[PDB]
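Structure, as structure tokens:
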Ligand SMILES: [Ca+2]
Ligand SMILES: [Ca+2]
Ligand SMILES: [Ca+2]
Ligand SMILES: [Ca+2]
Ligand SMILES: [Ca+2]
Ligand SMILES: [Ca+2]
Ligand SMILES: [K+]
């Protein structure tokens, strides 16, 4: 009896995308040129799959995510599957290899504003470029799917404020007068920036800017 041997001890990474129902990954074969039962190789996933999401077809050697099962990067981002090939000799001989599965991200999580709504109070005489607020956000995705962009979508009368798209820092953009406009109800919007902007997700909320009185 000869042991069934795999070409490589590790093969990877194999890209599988989250949200994708039961996809094939790849075929994995052990070499074993014995006769009869000493060369009947059976395959199985023996470690690394704690939620039961994967299976290898016992004769063909095709690893897949199970039928009707979708992977999720936010619960598990990577898998190290131990594959076993065992013959039907006595004793049964066996070998194992490792398969790395990288779970590729989709944009399946909205950004969230962390510190809005907020009410800020500034001098009516605050000069252009003065600090108003620092808007903050998080996103559970990775890569471009969690890269966040800010902008003011409503209530920014006579272009009176500016927000840096990258940082989320709101500053004064024009001169202000309390006797013209005492209060600004700004709608600040944070969005992610996926490859395809048709699936971009957002969060909106109020930044209220109230001007304190001064001389004239
Ligand atoms: Ca064998
Ligand atoms: Ca997910
Ligand atoms: Ca996202
Ligand atoms: Ca995701
Ligand atoms: Ca004034
Ligand atoms: Ca005044
Ligand atoms: K929200």
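In PDB author numbering, the protein residues as written are 1716 to 1931.
We put the CB at the ideal spot given by N, CA and C, even for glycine.
- Judged by DSSP in its simplified three-state form, residue 1751 adopts helix.
- Shown here, residue 1879 sits in coil according to DSSP, grouped into three states, outside any helix or strand.
- Ranked by how close their Cα comes to the Cα of residue 1827, the residues 1903, 1772 and 1897 have 1903 in first place.
- Residue 1779 carries a strand assignment under DSSP once its states are collapsed to helix, strand and coil.
- An exposed status is given to residue 1843, since fewer than 16 other beta-carbon atoms sit within 10 Å of its beta-carbon.
- Looking from the CA of residue 1721, the closest CA among 1809, 1791, 1772 and 1864 belongs to 1809.
- The beta-bridge partner set that DSSP reports for residue 1734 is empty.
- In the DSSP annotation of this structure, the continuous segment of the beta strand (DSSP E) that includes residue 1900 starts and ends at 1898–1907.
- Distances from the CB of residue 1754 to the heavy atoms of ligand 1 include at least one below 6 Å.
- Here residue 1814 is buried. Its C-beta has 16 or more other C-beta atoms within 10 Å.
- When the Cα atoms are used, residue 1812 and residue 1740 turn out to be separated by approximately 15 Å.
- Judged by DSSP in its simplified three-state form, residue 1912 adopts helix.
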